[PDB]
Amino acid sequence: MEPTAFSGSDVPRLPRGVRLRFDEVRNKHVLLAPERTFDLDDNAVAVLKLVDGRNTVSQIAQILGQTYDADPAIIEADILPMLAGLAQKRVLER
């Protein structure tokens, strides 16, 4: 009754029956949800695709942060709230 609470130690992981897909026509990544599909940015799916299994947002922020050369604090703070939004769609679970 309160899935909107992803902390730094909270590691994201895609649930079974879900796969990532890249739309060349739209040039953006989307999440295949049992219901249908949701429009998402490559950056939001990048971390989900870059992670082999369960990684800490802070850790990803470092690697991803160096890619765009930006303060990791912003990067982690960007995806962090995204996890809560995804949970509402029933496609993410700690």
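Cut-offs applied
Residues numbered from 1 in each chain as written, not as in the entry; some residues may be left out. Heavy atoms only, no water. Helix = DSSP H or I, 4+ residues; strand = E, 2+ residues; numbered from the N terminus. Rg over C-alpha atoms; globule rule 2.2 N^0.38 Å. Buried < 20%, exposed > 50% of the residue type's maximum accessible area, 1.4 Å probe, protein only. Contact = heavy atoms within 4.5 Å. Areas by Shrake-Rupley, 256 points an atom, 1.4 Å probe, with all protein chains shown as cover. 1 Å grid on protein atoms, 1.4 Å probe; cavity = no way out; pocket = protein on both sides within 12 Å on 5 of 7 lines; lining within 4 Å. Points joined across faces, edges and corners; volume = space filled by probe spheres on them. Nonpolar A, V, L, I, M, F, W, Y, C, P; charged D, E, K, R; others polar. Pairing = 2+ DSSP bridges. Axes fitted to C-alpha atoms, helices over the stretch in contact; angles between N-to-C directions.

Per the PDB record, the structure was determined using solution NMR.

### Some words on the overall build of the protein chain
Assigned secondary structure in the protein chain consists of three helices and three strands. Secondary structure elements in the protein chain, listed N-terminal to C-terminal, are β-β-β-α-α-α. Radius of gyration (C-alpha) of the protein chain: 13 Å, near the 12 Å computed for a compact globule of 94 residues. Expressed as a percentage of the 94 residues in the protein chain, the buried residues total 34%. Put simply, 46% of the contacts in the protein chain that link residues at least 6 apart link residues at least 24 apart. Accessible surface, the protein chain as shown: approximately 6700 Å² in total, 48% of it carbon and sulfur.

### Here's the deal with empty space enclosed by the protein
A complete count under the given rule lists one cavity of 30 Å³ or more for this structure. Of all the secondary-structure elements, those providing two or more residues to the lining of the largest cavity are α1 (42–50), α2 (57–68) and α3 (72–87). Among the elements that line the lining of the largest cavity, the one with the most residues is α3, at four residues. Partitioned by chemical class, the residues of the lining of the largest cavity number ten nonpolar, no polar and no charged.

### Brief notes about the sheet that holds strand β1 (residues 20–23)
An order of β1-β2-β3 is seen for the three strands of this open sheet, with the pairing classed as antiparallel. Looking at which strands have only one partner, the edges of the open sheet turn out to be β1 and β3 (37–39). Neighbouring strand axes in the sheet, compared pairwise and without regard to direction, differ in orientation by 30° on average. Where β1 meets strand β2 (residues 28–32), four bridges bridge the pair, whose relative direction is antiparallel. Across the sheet, residue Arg21 finds its bridge partner in β2, namely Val30.

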